[PDB]
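Residue numbers begin at 1 in each chain, while the letters A, B, ... track the order of the sequences.
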There are 2 protein chains.
Amino acid sequence: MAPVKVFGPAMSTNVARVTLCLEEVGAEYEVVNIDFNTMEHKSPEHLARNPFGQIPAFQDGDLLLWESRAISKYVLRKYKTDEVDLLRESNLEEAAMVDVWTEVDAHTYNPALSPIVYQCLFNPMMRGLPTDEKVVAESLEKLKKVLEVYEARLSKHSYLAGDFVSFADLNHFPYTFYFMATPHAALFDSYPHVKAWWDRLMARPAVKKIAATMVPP
Amino acid sequence: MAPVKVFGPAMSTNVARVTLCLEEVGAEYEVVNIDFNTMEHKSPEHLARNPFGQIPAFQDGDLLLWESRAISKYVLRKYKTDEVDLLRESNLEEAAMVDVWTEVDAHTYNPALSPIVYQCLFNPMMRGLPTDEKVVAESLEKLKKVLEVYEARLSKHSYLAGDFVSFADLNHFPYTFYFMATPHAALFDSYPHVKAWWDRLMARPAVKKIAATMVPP
Ligand SMILES: N[C@@H](CCC(=O)N[C@@H](CSO)C(=O)NCC(=O)O)C(=O)O
Ligand SMILES: N[C@@H](CCC(=O)N[C@@H](CSO)C(=O)NCC(=O)O)C(=O)O
Ligand code: NA
Ligand code: NA
Ligand code: NA
Ligand code: NA
Ligand code: NA
Ligand code: NA
């Protein structure tokens with residue numbers, strides 16, 4: 001049988017980006033673990049998939065992909081329907097706003113939020129490494145300034161790209177989910193339109209399914 | 001058909017990403033400078049274009065965009081022809097490789113190459129800031145490992161996504177051009193297929209036109 005394969009730990013943020021997209025479009029898939037403890041990500045077998053030796057990678061027949069956003073867009077295109085059109089590529093202005101807010105995640109929001117996840121969650125929980133409180137403080141101040149902008153945006157529309165959910169919103173889910181596992185989760189409550197947006201995403205069945213994979217089973 | 005407008009200094013890397021895409025598709029445009037000396041990027045007029053107060057921004061009628069890659073994709077879609085189709089969105093596997101290598105620029109290549117540009121070129125030439133040789137050395141070692149991967153890829157095809165030029169290749173132009181103005185330019189000679197690809201991009205008429213805009217006096 002023909003499920004597509006995602007390679008990497010299911011709970012890894014960038015894997016969860018891809019599995020969320022797969023769930024949203026109703027595609028059949030399997031997640032194949034990659035064991036970092038044996039350097040499997042640097043094995044020749046995995047380097048054939050991603051020559052830079054990272055996860056996720058992805059296989060659909062003879063096509064091997066890497067870079068979570070590239071994988072995700074392939075999925076969103078391949079399995080597109082009229083009812084689940086998360087890129088909006090037939091409407092140039094809508095597609096442009098999807099792209100803008102996807103880029104805002106990559107270049108503005110995630111660089112502010114991710115260090116807090118690293119320092120407050122990944123460091124202590126993965127290998128028991130310390131937290132750098134200077135990094136956390138600096139990042140929180142940058143994140144507050146980002147959230148001020150998101151608060152204004154999400155007072156004008158229910159989602160980032162307009163009055164429709166899109167890949168832009170989905171891209172914010174994996175790292176933000178882990179931010180909600182840190183002691184700084186309540187920050188979002190100070191930006192009520194951002195909180196309402198987050199709650200809307202968390203209510204989505206595909207998001208619930210992937211959130212359940214981002215915990216300890 | 002009034003020309004579309006690109007806002008920012010013409011020689012800025014992320015402005016040049018956009019103007020290269022505009023030249024490749026033969027679109028009429030104007031570059032409108034944004035004066036950082038008077039904080040014009042933080043003025044209400046510019047914040048209406050990019051609420052994060054960065055350049056580039058872009059206007060087409062009533063549409064305002066920011067984030068250079070989002071602007072660029074809007075351009076490549078709007079002005080697409082069968083002859084100049086730089087995203088390949090009608091072919092899932094080709095679009096996927098364009099997307100992979102666009103992501104590799106953003107998340108792998110540019111993070112290794114751009115600090116060398118900053119330390120060796122932008123620091124001394126813009127404000128007269130010092131150079132951090134530790135940053136340069138660490139970045140060079142990362143870049144060498146990246147270039148090994150590019151060398152293998154560019155032995156299989158003349159361009160990153162396949163046997164056709166695409167947005168993936170164009171994304172590498174602006175920072176790489178400035179890297180070639182640093183004392184480390186010769187690094188590429190150690191990767192003959194990467195150097196041959198670079199020379200092919202530099203031979204393109206659109207690339208020549210934008211390279212001429214990328215000067216200080
Ligand atoms: N931009 C890429 C990031 C992948 C990545 O960082 N993967 C990490 C796991 S998370 O810190 C990884 O595989 N690292 C191993 C390494 O670099 O050796 C994407 O979105 O796919
Ligand atoms: N990912 C974005 C980066 C734009 C940017 O950094 N712009 C800088 C100029 S270059 O260092 C900028 O406008 N900075 C002003 C500021 O952040 O205050 C893009 O691709 O458009
Ligand atoms: Na849930
Ligand atoms: Na549930
Ligand atoms: Na929860
Ligand atoms: Na001007
Ligand atoms: Na595209
Ligand atoms: Na290859």
Side-chain angles (χ1 to χ4, degrees), chain A residues 4 6 8 10-27 29 31 55-56 58 65-91 94-114 117 146-147 150 153-154 157-181 188 193-214, chain B residues 67 69-70 73 95-96 99-100 102-103 106-107:
Chain A
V4 298
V6 186
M11 70 283 325
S12 195
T13 53
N14 300 112
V15 171
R17 189 193 313 286
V18 175
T19 58
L20 178 52
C21 291
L22 286 156
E23 291 292 342
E24 288 285 3
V25 301
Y29 70 100
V31 184
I55 63 88
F58 174 92
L65 303 179
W66 74 98
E67 282 289 345
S68 66
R69 294 168 184 83
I71 298 164
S72 294
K73 287 186 288 185
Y74 171 82
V75 167
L76 294 179
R77 292 181 184 124
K78 175 179 173 193
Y79 302 100
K80 185 266 191 180
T81 63
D82 281 6
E83 44 267 280
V84 187
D85 177 359
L86 290 163
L87 298 173
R88 303 294 182 100
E89 290 181 327
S90 79
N91 184 311
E94 291 182 351
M97 298 312 302
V98 173
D99 292 346
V100 166
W101 290 92
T102 293
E103 296 300 310
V104 174
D105 173 62
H107 295 288
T108 300
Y109 178 99
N110 209 49
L113 176 140
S114 68
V117 178
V146 173
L147 292 174
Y150 276 60
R153 179 63 177 166
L154 292 164
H157 301 283
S158 288
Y159 300 97
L160 292 171
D163 303 318
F164 52 92
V165 70
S166 74
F167 183 50
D169 309 282
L170 303 180
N171 278 307
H172 291 72
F173 167 75
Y175 285 86
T176 307
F177 181 76
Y178 285 138
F179 180 89
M180 299 302 180
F188 279 60
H193 295 86
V194 188
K195 178 191 195 294
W197 165 79
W198 179 251
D199 291 341
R200 280 196 293 280
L201 297 186
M202 288 285 284
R204 298 182 66 79
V207 173
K208 291 188 188 299
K209 279 186 81 168
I210 299 313
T213 74
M214 298 172 76
Chain B
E67 286 287 346
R69 294 172 183 80
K73 287 185 289 184
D99 292 346
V100 169
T102 295
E103 296 301 308
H107 295 289

Check: A:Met202 and A:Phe173 side chains under 4.5 Å, non-hydrogen atoms:
yes
Side chains of A:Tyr29 and A:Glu23 only: does a donor on one sit below 3.5 Å from an acceptor on the other?
yes
Close side-chain approach of A:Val4 to A:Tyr74, heavy-atom, < 4.5 Å:
no
Atom pair CG (A:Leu86) and CG (A:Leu76), whose distance is rounded to the nearest 0.5 Å:
5.5 Å
To the nearest 0.5 angstrom, please state how far the CG atom of A:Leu22 sits from the CZ atom of A:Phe58.
6.0 Å
Sub-4.5 Å side-chain heavy-atom contact between A:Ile55 and A:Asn14
no
Kindly give the heavy-atom pair with the smallest separation between A:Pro56 and A:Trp66, and that separation in Å.
O-CB, 3.7 Å
Closest heavy-atom pair and its distance - B:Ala70, A:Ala96:
CB-O, 4.3 Å
How about NZ on A:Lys209, more than 12 heavy atoms from neighbouring residues, nucleotides or ligands closer than 6.0 Å, or not?
no
Pairs under 3.5 angstrom only: tabulate donor-acceptor contacts from the side chains of residues 165-172 of chain A to other protein residues two or more places apart or in another chain.
residue, atom, partner, partner atom, Å
A:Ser166, OG, A:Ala168, N, 3.1
A:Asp169, OD1, A:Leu160, N, 3.0
A:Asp169, OD1, A:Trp197, NE1, 2.8
A:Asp169, OD2, A:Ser166, N, 2.9
A:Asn171, OD1, A:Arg17, NH1, 2.9
A:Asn171, ND2, A:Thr102, OG1, 3.4
A:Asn171, ND2, A:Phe167, O, 3.0
A:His172, ND1, A:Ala168, O, 2.7
A:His172, NE2, A:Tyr150, OH, 2.6

Quick one: pull up OG1 in A:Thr213 and CG in A:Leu20 and give me the separation to the nearest 0.5 Å.
9.5 Å
Between A:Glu89 and A:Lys80 (salt bridge meaning N to carboxylate O under 4.0 Å), is one present in this structure?
no
Between A:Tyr175 and A:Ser114, do the side chains contain a donor N or O and an acceptor N or O under 3.5 Å apart?
no
One should read off an interatomic distance between A:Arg69 CZ and A:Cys21 SG, to the nearest 0.5 angstrom, of 10.5 Å
Between A:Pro111 and A:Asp105 the two heavy atoms that sit nearest each other are CD-O, 3.6 Å
Evaluate the criterion side chain to side chain contact (heavy atoms under 4.5 Å, CB included) for residue pair A:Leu201 and A:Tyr159; output intermediate values, then yes/no.
CA-CA 9 Å; A:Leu201 297 186; A:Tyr159 300 97; 4.1 Å; yes
Looking at every non-hydrogen atom in both residues, tell me the closest pair between B:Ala95 and A:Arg77 and how far apart they are.
CB-NH1, 3.7 Å
What distance do A:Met97 atom CE and A:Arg88 atom CZ have between them, rounded to the nearest 0.5 Å?
13.5 Å
Would you compute the distance between atom CE of A:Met180 and atom CE of A:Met214 and round it to the nearest 0.5 angstrom?
12.0 Å
Do A:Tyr178 and A:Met11 make a side-chain contact, defined as non-hydrogen atoms from C-beta onward lying under 4.5 Å apart?
yes
Heavy-atom closest pair, residues A:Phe188 and A:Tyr109:
CZ-OH, 3.3 Å
Verdict with reasoning, A:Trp198 to A:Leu154, per side chain to side chain contact (heavy atoms under 4.5 Å, CB included)
CA-CA 10 Å; A:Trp198 179 251; A:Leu154 292 164; over 6 Å; no
Side-chain contact test, heavy atoms from C-beta onward, threshold under 4.5 Å: evaluate it for A:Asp99 versus B:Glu67 and give yes or no.
no
